[PDB]
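Colleague: The structure under discussion is supplied below as structure tokens; questions concerning it will follow.
Neighbour counts are summed over all protein chains in view; Cβ atoms, including those assigned to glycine, are modelled from backbone coordinates with ideal geometry. Where a number appears in this text, it was derived from the coordinates with a stated rule and is not lab data.
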Amino acid sequence: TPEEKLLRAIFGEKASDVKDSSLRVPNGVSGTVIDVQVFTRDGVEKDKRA
Amino acid sequence: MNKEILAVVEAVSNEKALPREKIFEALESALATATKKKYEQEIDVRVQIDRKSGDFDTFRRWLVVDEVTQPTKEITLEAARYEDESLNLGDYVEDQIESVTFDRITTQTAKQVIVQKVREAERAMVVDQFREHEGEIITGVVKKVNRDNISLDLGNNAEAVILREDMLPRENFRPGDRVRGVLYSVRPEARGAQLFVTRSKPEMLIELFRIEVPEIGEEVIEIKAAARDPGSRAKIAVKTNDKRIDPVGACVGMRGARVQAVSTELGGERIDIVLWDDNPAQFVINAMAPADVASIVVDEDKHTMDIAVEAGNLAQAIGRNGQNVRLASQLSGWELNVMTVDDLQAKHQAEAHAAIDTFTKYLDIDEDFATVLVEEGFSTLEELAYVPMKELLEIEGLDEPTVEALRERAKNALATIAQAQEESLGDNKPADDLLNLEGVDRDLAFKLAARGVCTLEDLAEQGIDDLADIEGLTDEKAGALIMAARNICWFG
Amino acid sequence: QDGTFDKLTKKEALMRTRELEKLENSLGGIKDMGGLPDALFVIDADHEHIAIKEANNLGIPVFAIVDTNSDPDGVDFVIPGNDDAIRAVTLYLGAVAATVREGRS
Amino acid sequence: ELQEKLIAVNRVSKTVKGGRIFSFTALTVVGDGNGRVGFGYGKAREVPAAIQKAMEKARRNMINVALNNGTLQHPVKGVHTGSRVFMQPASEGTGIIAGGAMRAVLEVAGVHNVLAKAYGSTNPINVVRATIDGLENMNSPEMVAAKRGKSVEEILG
Amino acid sequence: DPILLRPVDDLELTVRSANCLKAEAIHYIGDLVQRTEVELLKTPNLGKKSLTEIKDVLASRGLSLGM
């Protein structure tokens, strides 16, 4: 749409036709997250939690 | 990115004729509101957009105040000046905060605030430029028909409303129909319909005549008054200062073409066009058209006029359901009583006999002398009591001693009228039983008794509307006294 | 008075304000009226003889302070008196102003 | 209502260095039929605009004439610039017996009985100006009574 | 009940009673039915006669004051 540039109206980037979507996970199990490991291939920028 | 902010500001400034500054202030407020919604706590937030780069910094704003009521959004002047000595009451203290990423959420909020700013800038300036239209006959397309109103689209996101009372009684509009009407009121309902349009009020008739009659648009002919029964009949009064122009002939046009165009736009409403006269009696004769008036009697004190007509013209003078007399009365501002020549003579004979009986009873004069007073134009005891002595001395057979005695008798008769009422229920029963009503001084009791409210029961039976004309009695004070009277009479 | 006095051409903007002030005096206090007047108070019958002929074409009762050289026929409410002394004109103008203030009740 | 009436068109001319340019003049008349009548000359370069500009000044040029029952008051002369119209009231003269350009101006004025004849140069615009001043000075007995004698009765019996 | 949603003008009240109710912002039959007889007697221009008219008309529709 021309409105795909609404993003641009406040930001920019290219076009918004690309499907914006965050990898969300499925169901069936509860739990409590006890331990998180983050491994980084060398050269890549470590983020703040790594 | 950077140059794109400038290109957007320039495009919007040029297309909406709006100050760039007003668009930025609104984007800053939009971004501040979008930022506030990302925090779980109620924070105060200022956003500042750089006018050259389009880059923006976001703060934790702290409204500098004297007394802090909201510690999450407010800071004391003493604490603000510890960080920057230049700060005053009403300034903002900032705090380095991560600016919200411009996602399609902030983008949508920014778009909504821009649209709202354009409604309060571009559309507001369009309404200001259309000062004529705000008052003249605007044209709209019917967007929606409800039971109680019609929504019109005027273009440019402007919506108007015609209320049910503002429509003609036989009009049936459909969505997509074009409708003309006078913009009679502009309120402040930007979201929705701030514009109120009428087709029923007299202004619609005046403005249709202004458009159809060039001589009215050029101020050569003036419409002095308009009276209207919407979708049935109207009267307009026209004047001109140019003796070469017939104002009635100009408004009618060649074979009635102009008045028929206005009538057709009003759903076949019958329009009478009358000549305005500066003499009220001559103006009422003109307003009574098409009925021929035989005589007029003017009562200036009551602001009423008795209109005698021939018995054959009585039905035409009154009109269907009194429509002709009512429109003439609304056009003149006078109360108009239409009767036959025989009925007017019978009324005058009954009034003369009642005046003679009143003068004979109260002035201790003979019927012959009372008849002379009525023939010289005296009808009330008040006229005889207060009229200049010169007018009473112009009457044949009155000397200065007899005029003085007549005035003294008239004043004593007027006094005794109030005195008898007071003795019965004015300074006695109204100054005791009716004085019990909260707030009833002796003056108010006599004012009530002059209206026939002599007892506390008579006051308990009144409405607020029946007492509204009593000088010094407000609707609230009237309501309190009636309720006090009812509490004693009906609940004691 | 606010707006386009600079926007396109400065010399041609001086043309419009050269157009304005000559129109300001010729069409002076007429722009506030709209339409035709009802009366017309003249202070010299001979000098302004066009208007008395012009007003008598229509139905306008006029009021002329007449001098002895003019002809008092087109004027309805003829007023004899001097009209070339300044102190004379402030009598008639001071009277017609203060009376019409009493007439606008 | 106004009962307009055309009398005569004309083709007048004037010359320049390129040649001669014509136009049209068209004398018309209007009248209510009950004592109001007015004429207007008008001239333009085309006959639809010539007759319309003629009427538009004829509306403002209307005069009142006081008559009795479709006929005149008394005999009356009418001289104007080579046109001597004579007008005799002729109480029920059974029609307006008059020449051209009088038959127009008497009809729309509302009379129906006058005997009339124009003496002199029978020129149409000068003869319709001749009846007008001959009609507007002709006076009712009411105006005659209230300047002379001061009884409405005895001035005519 | 769809009768409560009707305006007070549909009750065929005297021009006095209707104007007295409008002055107190009573627009619907459902607003009128909630008011007590003692509250209506406090309203301006509201006599004993107009109160009896309102009761007789409400009773003709199976409604009572103070519901």
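Colleague: Taking θ as phi - 60°, what are the ³J(HN,Hα) couplings along region D:41-47 by the Karplus curve (6.51, -1.76, 1.60), each to the nearest whole Hz, with x for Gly and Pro?
Modeller: These are the phi-based 3J(HN,Hα) values: 7, x, 7, 7, 7, 8, 4 Hz.
Colleague: Counting residues in the protein assembly as shown as N, plug N into 2.2 N^0.38 Å and put the Cα Rg over that result. Kindly include the intermediate steps, with their values, before the conclusion.
Modeller: Details: Rg = 41.4 Å, N = 871, 2.2 N^0.38 = 28.8 Å.
Dividing the Cα radius of gyration by 2.2 N^0.38 Å gives 1.44.
Colleague: Now, a different point. Let me check against my output: what whole-number percent is the relative contact order of chain C, with C-alpha pairs under 8 Å and at least 6 apart?
Modeller: Numbers: 87 pairs, mean separation 18.0, N = 105.
Once normalised by length, the contact order is 17 percent.
Colleague: May I pose another question? Hey, fewest Cβ within 10 Å first, where do B:235, B:411, D:14, B:447 land in order? Don't skip to the end; give the middle numbers.
Modeller: Numbers: B:235 27, B:411 15, D:14 8, B:447 19.
Listing B:235, B:411, D:14, B:447 from fewest to most nearby Cβ atoms yields D:14, B:411, B:447, B:235.
Colleague: What distance in nm lies between label points placed 7 Å from Cα along the C-beta direction at residue D:84 and residue D:97?
Modeller: Each label point is offset 7 Å from its Cα along the Cβ direction, giving 2.1 nm.
Colleague: Among the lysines, select those whose C-alpha is under 20 Å from the C-alpha of residue B:239, and discard any that sit fewer than 8 residues away in the same chain.
Modeller: B:224
Colleague: Could you please report the charge total around residue B:44, scoring K, R as +1 and D, E as -1 over all other residues with beta-carbon less than 9 angstrom from its beta-carbon?
Modeller: Working: positive: B:36, B:46, B:60, B:61, B:73; negative: B:42, B:74.
Its environment carries a net charge of +3.
Colleague: For residue B:189 paired with residue C:19, estimate the spin-label separation in nm (one decimal), with each label point 7 Å from Cα along the Cα-to-Cβ line.
Modeller: 4.4 nm
Colleague: Are there any GluC sites (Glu not before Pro) in region B:104-157 that are in a DSSP loop and have at most 12 other Cβ atoms within 10 Å? List them by number. Intermediate results must be reported in sequence, preceding the final value.
Modeller: Numbers: sites: B:120, B:122, B:132, B:134, B:136; in loops: B:120, B:132, B:134, B:136.
Taking region B:104-157 and a limit of 12 other Cβ atoms within 10 Å, the loop GluC sites (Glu not before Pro) found are B:132.
Colleague: Also: Charges only on Cβ, +1 for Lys and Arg, -1 for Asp and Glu: so what's the dipole of the protein assembly as shown about the Cα centre, in debye to the nearest 20? Present the calculation step by step, with values, prior to reporting the outcome.
Modeller: On the way: 107 positive and 146 negative charges, 1242 e Å.
Magnitude of the dipole: close to 5960 debye.
Colleague: So which trypsin sites (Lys or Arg not before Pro) in region B:1-104 pass both tests, a DSSP loop state and at most 15 other Cβ atoms within 10 Å of the Cβ? Show your work: numbers first, answer last.
Modeller: Details: sites: B:3, B:16, B:20, B:22, B:36, B:37, B:38, B:46, B:51, B:52, B:60, B:61, B:73, B:81, B:104; in loops: B:37, B:38, B:46, B:51, B:52, B:60, B:61, B:73.
Passing sites in region B:1-104 are B:37, B:38, B:51, B:52.
Colleague: Taking the Cα centre of chain E as origin and charging only Cβ (+1 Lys, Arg; -1 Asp, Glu), how large is the dipole, in debye to the nearest 20? Show your work: numbers first, answer last.
Modeller: Details: 9 positive and 10 negative charges, 44 e Å.
About 220 debye.
Colleague: Of C:98, C:27, C:40, whose Cα points farthest to the positive end of the dipole of chain C (charges on the beta-carbon: +1 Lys, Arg; -1 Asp, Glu; origin at the Cα centre)?
Modeller: Ranked along the dipole, the leading option is C:27.
Colleague: Pop out the ³J(HN,Hα) list for region B:361-371 in order, Karplus 6.51 cos²θ - 1.76 cosθ + 1.60 with θ = phi - 60°, rounded to Hz; leave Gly and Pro as x.
Modeller: Each residue of region B:361-371 in turn: 5, 9, 9, 6, 10, 6, 4, 5, 5, 4, 5 Hz.
Colleague: Using R₀ = 35 Å, calculate the FRET efficiency as 1/(1 + (r/R₀)^6) where r is the Cβ-Cβ separation of residue B:446 and residue E:67; round to 0.05. Spell out each step's value before the answer.
Modeller: Working: r = 45 Å, r/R0 = 1.28.
FRET efficiency, residue B:446 to residue E:67: 0.20.
Colleague: Within 10 Å of each candidate Cβ there may be at most 12 other Cβ atoms; applying that plus a DSSP loop requirement, which trypsin sites (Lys or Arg not before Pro) in chain C survive? Mind dumping the intermediate values first?
Modeller: Values: sites: C:7, C:10, C:11, C:16, C:18, C:22, C:31, C:53, C:87, C:101, C:104; in loops: C:7, C:31, C:104.
Within chain C, the qualifying trypsin sites (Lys or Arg not before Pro) (loop, at most 12 other Cβ atoms within 10 Å) are C:7, C:31, C:104.
Colleague: Continuing with the same structure: Taking the alpha carbon gyration tensor of region D:69-157, what are the square roots of 5 times its eigenvalues, largest first, to the nearest whole Å?
Modeller: On the way: eigenvalues 130, 45, 18 Å².
Three semi-axes, in Å: 25, 15, 10.
Colleague: So, one more: Put +1 on the Cβ of every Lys and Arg and -1 on every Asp and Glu Cβ in region D:3-63; which of D:61, D:48, D:3 then has its Cα farthest towards the positive end of the dipole?
Modeller: Positive-end residue among those listed: D:48.
Colleague: Want the number for residue C:1 to residue C:56: 0.36 nm per residue separation, take away the alpha-carbon distance, what's left? Show your work: numbers first, answer last.
Modeller: Values: separation 55, 0.36 × 55 = 19.80 nm, distance 3.76 nm.
Taking residue C:1 through residue C:56 to full extension adds about 16.0 nm, to one decimal.
Colleague: In debye, nearest 20, what is the charge dipole magnitude of region D:3-63 about its Cα centre with +1 on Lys and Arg Cβ and -1 on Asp and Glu Cβ, if you could check? List each step's numbers first, then the result.
Modeller: Working: 12 positive and 4 negative charges, 74 e Å.
Computed about the Cα centre, the dipole is about 360 debye.
Colleague: Which Cα, out of B:211, B:182, B:116, lies furthest along the positive dipole direction of region B:99-234 (beta carbon charges, K/R +1, D/E -1)?
Modeller: The Cα lying farthest towards the positive end belongs to B:116.
Colleague: What shape does chain A take by its C-alpha gyration tensor, where a ≥ b ≥ c are the square roots of the eigenvalues and a/c under 1.5 counts as rounded, a/b above b/c as prolate, and the rest as oblate? Write out the running numbers ahead of the final one.
Modeller: Details: a/c = 3.44, a/b = 1.63, b/c = 2.11.
In terms of gyration-tensor shape, oblate.
Colleague: If you average 1/r across every pair of different Cα atoms in region E:25-66 and take the reciprocal, what Kirkwood value do you get, in Å? Each step should come with its number before you reach the end.
Modeller: Working: mean 1/r = 0.0954 Å⁻¹.
This gives a value of 10.5 Å.
Colleague: Now, a different point. Just want to confirm a number: the relative contact order over chain B, from Cα pairs under 8 angstrom separated by 6+ residues, in percent. Display every interim value, and only then the final one.
Modeller: Values: 730 pairs, mean separation 28.9, N = 492.
Relative CO of chain B lands at 6 percent.
Colleague: Another question about this same structure. Relative contact order for region B:45-98: what is it in percent, counting Cα pairs under 8 Å that are at least 6 residues apart? Numbers along the way, then the final one.
Modeller: Working: 86 pairs, mean separation 19.9, N = 54.
Taking the mean separation of contacting Cα pairs over the length of region B:45-98, I get 37 percent.
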